[PDB]
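Everything on this sheet refers to the single structure shown next.
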Amino acid sequence: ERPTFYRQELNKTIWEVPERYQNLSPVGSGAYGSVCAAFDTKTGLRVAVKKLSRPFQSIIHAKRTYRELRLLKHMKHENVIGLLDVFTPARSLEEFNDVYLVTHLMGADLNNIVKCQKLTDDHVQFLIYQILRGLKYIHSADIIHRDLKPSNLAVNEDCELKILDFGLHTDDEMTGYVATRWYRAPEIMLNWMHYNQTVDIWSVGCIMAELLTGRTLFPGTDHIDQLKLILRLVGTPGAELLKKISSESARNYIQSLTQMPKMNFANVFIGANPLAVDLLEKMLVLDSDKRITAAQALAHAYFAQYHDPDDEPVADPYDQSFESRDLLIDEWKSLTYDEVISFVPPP
Ligand SMILES: Cn1c(=O)c(Oc2ccccc2)cc2cnc(NC3CCOCC3)nc21
Numbered sequence: 004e005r006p007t008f009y010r011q012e013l014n015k016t017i018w019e020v021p022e023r024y025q026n027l028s029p030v031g032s033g034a035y036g037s038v039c040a041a042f043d044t045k046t047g048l049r050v051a052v053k054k055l056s057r058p059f060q061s062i063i064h065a066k067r068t069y070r071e072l073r074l075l076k077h078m079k080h081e082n083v084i085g086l087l088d089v090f091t092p093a094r095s096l097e098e099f100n101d102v103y104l105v106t107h108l109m110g111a112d113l114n115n116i117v118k119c120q121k122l123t124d125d126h127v128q129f130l131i132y133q134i135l136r137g138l139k140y141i142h143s144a145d146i147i148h149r150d151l152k153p154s155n156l157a158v159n160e161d162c163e164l165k166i167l168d169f170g171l174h175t176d177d178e179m180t181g182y183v184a185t186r187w188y189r190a191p192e193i194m195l196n197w198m199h200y201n202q203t204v205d206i207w208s209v210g211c212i213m214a215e216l217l218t219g220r221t222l223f224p225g226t227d228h229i230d231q232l233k234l235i236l237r238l239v240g241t242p243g244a245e246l247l248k249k250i251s252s253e254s255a256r257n258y259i260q261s262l263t264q265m266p267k268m269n270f271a272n273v274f275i276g277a278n279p280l281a282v283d284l285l286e287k288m289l290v291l292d293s294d295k296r297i298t299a300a301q302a303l304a305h306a307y308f309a310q311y312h313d314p315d316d317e318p319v320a321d322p323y324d325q326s327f328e329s330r331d332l333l334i335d336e337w338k339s340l341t342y343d344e345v346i347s348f349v350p351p352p
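Using the deposited numbering, the letters of the sequence shown correspond one by one to residues 4 to 171, 174 to 352.
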């Protein structure tokens, strides 16, 4: 049956959650809502509980709510954030206005771990391995994260990793000397073309390098500065990639730059495992068609001690035909309601 709910003012709003969730404590800002830590008495797990803010105030918002719910309900992988629970105090569609999402509480993110410092090679192997394991899974469902960065990567005490916030930033927050842009592939940063899944492999490259050196790979002070930093390392594009830049505007700007050759990565990453160097070179390729994929990278010699072809699963098919669908608010809200009602908890 329907559990009993109790009310409690947290942050600015009134939170109405089932009794099973106790000791609710405001933690931080999440994707499109505020998060609380709580103790789930049914499972014994410490959980993060997100209440979405105005989930149905516009078509843009309503579809976004449906999208996040659809995405979280699909993901069943060790290295990817999963949904423990989803609930509404509403007893019917007509009184349905709020959505709460529940996942595992994570200890820290990857920012806190790096902490200006170099990590050991074996720690880097393990963390990148897990990211690539989760990405293989995500990509096999034709889902792109689009915004991988250390703050989207949560790790527990055992250095066990989960990927957060996939498949979902305003112009202002991508401006200047900001971590929100430092991990973005150049084709997406400057909208060169219709982009694919390998945008995420570029991000892994930036993260891996940061874990190896303890320093941001491309700490651009703005879009242009960052592009220059990128092209100094990987070289200016050739005719081949230029043809693929469908924006006539961007292609024209690229051509104005003095041609630069690719740098030697062994001289950039001094003291690093030659196998780590090799992988970085295959990840940080300017032409996205030629980047290593997650499945391919898992088989790279650098991960020899973790790689297991029989323990690197793919996803069930993910139907995202709704993405090209135009619906009314109430229609997106009804679809969202069906998804809440039909939720079945994990083992
Ligand atoms: C920042 N964040 C989320 O945005 C988040 O989003 C949700 C997704 C689905 C349902 C509910 C919430 C969950 C989450 C869990 N755990 C930590 N742990 C943090 C502790 C403090 O260090 C950083 C990691 N963060 C989290």
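Think of the CB as a built atom: it goes at the ideal place given N, C-alpha and C, for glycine as much as any other residue.
Would you say residue i and residue j are within 7 Å of each other, going by their C-beta atoms?
i           : j           : result
residue 246 : residue 265 : no
residue 8   : residue 25  : no
residue 13  : residue 29  : yes
residue 102 : residue 58  : yes
residue 164 : residue 82  : yes
residue 139 : residue 299 : yes
residue 344 : residue 72  : yes
residue 289 : residue 210 : yes
residue 193 : residue 204 : yes
residue 317 : residue 23  : no
residue 334 : residue 93  : no
residue 319 : residue 143 : yes
residue 323 : residue 77  : yes
residue 250 : residue 187 : no
residue 241 : residue 262 : yes
residue 86  : residue 156 : no
residue 31  : residue 53  : no
residue 68  : residue 84  : no
residue 122 : residue 51  : no
residue 255 : residue 195 : yes
residue 217 : residue 273 : no
residue 2   : residue 132 : Residue 2 is absent from the structure shown; the chain starts at 4 and stops at 352.
Per DSSP, residue i is paired with what?
i           : result
residue 50  : 41, 107
residue 90  : 103
residue 112 : 157
residue 165 : 157
residue 21  : 8
residue 85  : Residue 85 is not bridged to any residue.
residue 36  : 33, 55
residue 16  : 13
Check residue i in the structure and name its three-state DSSP category.
i           : result
residue 31  : strand
residue 349 : coil
residue 135 : helix
residue 71  : helix
residue 26  : strand
residue 130 : helix
residue 280 : helix
residue 285 : helix
residue 96  : helix
residue 60  : coil
residue 269 : coil
residue 174 : coil
residue 261 : coil
residue 141 : helix
residue 150 : coil
residue 173 : Missing from the coordinates: residue 173, inside the break in the chain from 171 to 174.
residue 66  : helix
When burial is assigned at 16 or more other CB atoms within 10 Å of the CB, is residue i buried or exposed?
i           : result
residue 119 : exposed
residue 191 : buried
residue 349 : exposed
residue 233 : exposed
residue 351 : exposed
residue 90  : buried
residue 21  : buried
residue 11  : exposed
residue 284 : buried
residue 148 : buried
residue 239 : buried
residue 15  : exposed
residue 279 : exposed
residue 39  : buried
residue 220 : exposed
residue 215 : buried
residue 225 : buried
residue 182 : exposed
residue 293 : buried
residue 17  : exposed
residue 338 : buried
> Residue ranges of each alpha helix (DSSP H) run of no fewer than 4 residues wholly in the stretch 290-343, ordered along the chain?
Replying inline: Entirely contained in the stretch 290-343, the alpha helix (DSSP H) runs reaching 4 residues are, in chain order, 299-303.
>> Which runs of the alpha helix (DSSP H) at least 4 residues long sit entirely within the stretch 178-258? Give them in chain order.
In response: List check, alpha helix (DSSP H) in window: 191-194, 204-218, 228-239, 244-249.
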